[PDB]
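These notes concern the structure reproduced below.
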Amino acid sequence: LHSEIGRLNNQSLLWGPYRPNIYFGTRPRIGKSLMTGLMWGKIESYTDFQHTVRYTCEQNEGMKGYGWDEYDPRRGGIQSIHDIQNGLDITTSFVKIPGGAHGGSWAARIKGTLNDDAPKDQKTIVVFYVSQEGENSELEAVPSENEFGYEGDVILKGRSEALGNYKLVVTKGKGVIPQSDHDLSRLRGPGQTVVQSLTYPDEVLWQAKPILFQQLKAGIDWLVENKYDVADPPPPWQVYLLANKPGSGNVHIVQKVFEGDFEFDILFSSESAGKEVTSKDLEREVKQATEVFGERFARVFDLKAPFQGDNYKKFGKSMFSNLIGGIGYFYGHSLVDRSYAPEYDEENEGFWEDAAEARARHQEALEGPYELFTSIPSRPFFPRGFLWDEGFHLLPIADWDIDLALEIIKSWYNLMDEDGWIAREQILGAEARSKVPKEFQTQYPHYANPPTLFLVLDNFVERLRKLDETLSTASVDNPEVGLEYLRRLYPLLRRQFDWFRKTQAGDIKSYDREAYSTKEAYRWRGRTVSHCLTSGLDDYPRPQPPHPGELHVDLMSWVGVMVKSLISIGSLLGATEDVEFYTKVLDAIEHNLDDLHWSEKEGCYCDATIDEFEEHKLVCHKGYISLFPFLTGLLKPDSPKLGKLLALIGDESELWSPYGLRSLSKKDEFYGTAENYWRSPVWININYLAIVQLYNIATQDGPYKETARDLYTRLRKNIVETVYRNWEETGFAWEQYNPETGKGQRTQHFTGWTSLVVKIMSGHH
Ligand SMILES: [N-]=[N+]=Nc1ccc(NCCc2cncc(CCN3C[C@H](O)[C@@H](O)[C@H](O)[C@H]3CO)n2)c([N+](=O)[O-])c1
């Protein structure tokens, strides 16, 4: 029965628009298979299309905005693109039609509407680019009846082991096609849909822009050789129309020129299913996917006061759809230093210098290949898997579709090496590497990242204890299936738990340190003078100088999150001998949090170092870090320590801004300093943790119930309204929010954990 739900999930999720790095394209969850990409650009001149053409996601003054209005990876959805440079409002509707033995069929409608400022006679070039990777696989453009190109549909017929037989149709579409009266039209035709079928070695098929431009440049060279010159030049749009040469190959370029508004369909028909997919099929399946998305949202994301209104429902749909619509499939080699150089052990003073020397050996090599199926923080700036971001992404996604969330968790845990290491940053293949400076690619096996994926596993278990609709909950509705997943995953959770304990161990025994436990103490590896990249709070102030004797209260608190999850899961599995050791590790963390990290002087938890005089010193920087034992749910609701943290959180002079909790206190000496990344701005992921914990204390018998209730109510409001106002004004989710002004700053299209705001509005944690 596990195998069945497994095979059904596989078949449901195989196809998607799983290329979030580009405006619009498709691929299945298969490393070497059939992929598609959309390109468009106005052409006003002989030189402008190279600069106007769109393919990979960016955000600049030329683009107003873009994203998913509606999305479910099982059904498809609708994306809006507002392109100022090209004068176009584009719609890409994508739909899946289940059937056959191969992951089903799918269809897309591309619609371009010139905006008010565009010339009513603008010529827009549109390209649908189709590649197929594989040794024993074929794809062929059925040639046209016409001499120079296509009056109607373009039929591609192909086959692979993975997809069996399929056909891919690009329809005639609707819109005016310009006609050239030039002598060239006797040889190129007056203007029509064209296809070039090419082959390149499989590993470069992703470089669709250079592949296209090489063909455009060969056309222009041909014009020059055959005496088409500046005395009598063809119009720009004919100069940039490829000579029709359909055939077989692993690349198929389908090119259309439109004058004014346009639309055209892409129909993917799996032979192994019923009848082929039609345009009338696409139109209906789209209408129905909208109805279903509407119905699921109103149940799953029931927005509570004061966010019940339609304005906030639109907001919620946009923030959610962009989050789950960012889901990608990633395949290829990753860059890794497997030297395990001894300098990476960071056991002497000045360890950052030694670590730099080891990195300068440049022993890192390509390894894999790996696949990953994950949501992403940002399509334009960093469209790839980030380990602790994914824990946040999956909290809303899990509500929507717990079986999808568990699929993504599983994909992340299949990356884990023999030691219990997952790389914090997953850059799989040359396409992914294209977006990342060479200096920032190398993953380090000694680099951790917060294990936020356990928070998701926690929600799963809580839900476990208490056809597309069916598949989405299959793993909570069929408890036998739920436990089998946990049984298969548990060992790797344990492996990661031990890996933290072997690789991110702090040192008690070697210093004048007393504590309830000689074991429980942690220090993030990878830290430099200014940074602790691995903690996730890049420039949050830490002990200066960095020191082998440091202890990180956030890191211990994450180990605390991990043990509590292992207790829950281990028990659901009856692994008694493990639960005992976990029950005892937790007990030791609860104590050592107080003995090593609690400041009675300051009224908050702090990190620790050892002095110039070699004694344990608390290093207190009031901010996110200070709150961690609370944010991670480790303290008793009656704890006096919780009492003092609630005071700090609610204190306007420290953390409390009209716009949410400041990453760092206004009273801290480092407030607003340096890159000021985690040194003041409001981050939605940490505010989300605060809101959830406040609500927990707020709905419990205890002394702080009423304070917790006030701070919840107000913080929920401040966080939602800040993200809303900025979305209303800019159309973007932002990476962080200015505490002085409330303005969105840093990375746009951050969906991204800023999308947690849909869960903050829906309440009932
Ligand atoms: N200090 N530092 N200075 C700055 C750092 C970044 C800045 N802007 C975005 C640049 C950028 C590009 N590629 C990847 C990433 C990682 C983003 N992010 C980092 C989170 O901290 C981490 O927790 C989190 O996992 C990851 C992923 O969401 N970021 C700026 N800026 O725009 O001025 C100053």
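Each ligand, and each atom within it, is numbered from 1 in the order the structure gives. What's counted below: heavy atoms across the whole structure, side chains too, no hydrogens, waters or symmetry copies. Residue numbers run from 1 in the order of the sequence given.
Numbered from 1 in the order shown, with element, the atoms of ligand 1 that lie under 4.0 Å from a heavy atom of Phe386 read 27 (C). Close approach to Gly536 involves these atoms of ligand 1, each under 4.0 Å from a residue heavy atom: 20 (C), 21 (O), 22 (C), 23 (O). The distance from ligand 1 to the heavy atoms of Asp539 drops below 4.0 Å at these ligand atoms: 1 (N). The contact set between ligand 1 and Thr747, taken as ligand atoms under 4.0 Å from a residue heavy atom, comprises 8 (N), 9 (C).
Contact annotation: for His531 versus ligand 1, heavy atoms closer than 4.0 Å belong to the side chain alone. Proximity of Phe750 to ligand 1, defined as any heavy-atom pair under 4.0 Å, is confined to the side chain (atoms from C-beta onward). Contact annotation: for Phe440 versus ligand 1, there are no heavy atoms closer than 4.0 Å.
Geometrically, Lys317 engages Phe297 in a cation-pi contact defined by less than 6.0 Å to the ring centre and at most 45° from the axis. The cationic group of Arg523 lies under 6.0 Å from the six-membered ring centre of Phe351 and within 45° of the ring axis, placing it in a cation-pi geometry. Both tests hold for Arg29 against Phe373: distance to the six-membered ring centre under 6.0 Å, angle to the ring axis within 45°.
Nearest-residue assignment for atom 30 (C) of ligand 1 (options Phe382, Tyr540, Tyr677; heavy-atom criterion): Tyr677.
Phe320 places none of its side-chain heavy atoms less than 4.5 Å from the side chain of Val300. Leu366 is listed as a side-chain neighbour of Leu335, based on a closest heavy-atom distance under 4.5 Å.
Using a 4.0 Å cut-off between charged side-chain N and carboxylate O, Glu367 and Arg338 make a salt bridge.
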